[PDB]
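Only one chain is given next, in structure tokens, and it is the form deposited in one PDB entry.
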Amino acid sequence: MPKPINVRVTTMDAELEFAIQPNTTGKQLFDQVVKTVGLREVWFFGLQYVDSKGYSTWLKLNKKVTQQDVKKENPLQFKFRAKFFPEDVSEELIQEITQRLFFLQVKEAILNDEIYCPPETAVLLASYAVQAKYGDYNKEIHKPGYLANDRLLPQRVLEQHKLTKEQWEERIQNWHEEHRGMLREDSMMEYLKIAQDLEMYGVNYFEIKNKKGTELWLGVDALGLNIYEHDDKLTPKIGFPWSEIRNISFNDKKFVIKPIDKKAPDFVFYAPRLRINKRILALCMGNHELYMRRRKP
């Protein structure tokens, strides 16, 4: 009689562990996590893991987690993260819990430079993050240098020799002071409001190439498909909202965008490995279904 498998699921700010059955499905496991967290806006999330070959991967709901080549470790390692992003944080993130998990994930991303962010904006962001952690600024508790141990800015901004840490840190203090009567909840939501407008926010980039053989970037967001030149991942060269796409399919390393736009050329591009296009497709499918449920429903 088969022994249970140990699994470790980690949210941005929590450690969860379960004892799964040899025949448990990704869906049943997802069900457990969500029920345990009390998350309701489930359509945004999913479970992430690394496969035996080393790649990061999204867990398939409709299968036995045991049949998904997830790198064998004692407690199996899983990461609960947001897979899809809303079009407007304010209208779609209702639960206080969902709001927090998005703030925590987006912040990390900013902090790692995964999402470009102008220095002055970065400081402005950092200030809300502290109002959320340290509450209101009290001159007696929050003595100067109360942040010198915090990770607040990306390493990219600190490289601004125009100022120094303590300088940058007091810049943030100014903005912290200005946020006095602000709730924790509200501050995290302002952070999200400011970050959702950043060009690189919510877009999944993929290294691609066209007929010509030229390097190109492919972005999949909640709103459609964007093709970026190489030196610029902020501003698209050609776009394709979900309401402008008639059909998208891939051949081996062949991707065809069929535009609803009756008298417009099909856009075609080639992606490196096959398992890549496989995932690019899954995202398109997802952001598309989420795009519809926002209108037609």
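Quick note: we count residues from 1 along the sequence shown, nothing fancier. By rigid core we mean the largest C-alpha set that fits within 1.5 Å across both forms.
Same protein, other form: the form deposited with a partner chain bound, not shown, and the subject of what follows.
Among 271, 65, 47, 257, the residue placing a heavy atom within 4.5 Å of the partner chain in the deposited bound form is 257.
For the residues 51, 31, 266, 232, the 4.5 Å heavy atom test against the partner chain in the deposited bound form is passed only by 266. Contact annotation: the partner chain lies within 4.5 Å of heavy atoms from the stretch 208-216 in the deposited bound form, the single such stretch among 132-140, 73-81, 208-216, 155-163.
In the deposited bound form, the partner chain stays beyond 4.5 Å of every heavy atom belonging to residue 38. Though the partner is left out of this view, residue 244 does reach within 4.5 Å of the partner chain in the deposited bound form, counting heavy atoms only. When the partner chain is considered in the deposited bound form, residue 190 lies well away from it, no heavy atom lying within 4.5 Å. In the deposited bound form, at least one heavy atom of residue 199 sits within 4.5 Å of the partner chain. Large C-alpha shift between this form and the one not shown, rigid core held fixed: of 42, 260, 234, 238, this applies to 260 alone, with a displacement of 2 Å or more. The rigid-core alignment places the CA of residue 95 less than 2 Å apart between this form and the one not shown. Taking the rigid core as fixed, one finds a CA shift for residue 143 smaller than 2 Å between this form and the one not shown. In this overlay on the rigid core, residue 214 has a C-alpha that sits less than 2 Å away from its partner position between this form and the one not shown. Annotation: residue 238/residue 261 CA-CA distance longer in the deposited bound form than in the displayed model, change of at least 3 Å. Cα of residue 234 to Cα of residue 261: at least 3 Å longer in the deposited bound form than in the shown structure.
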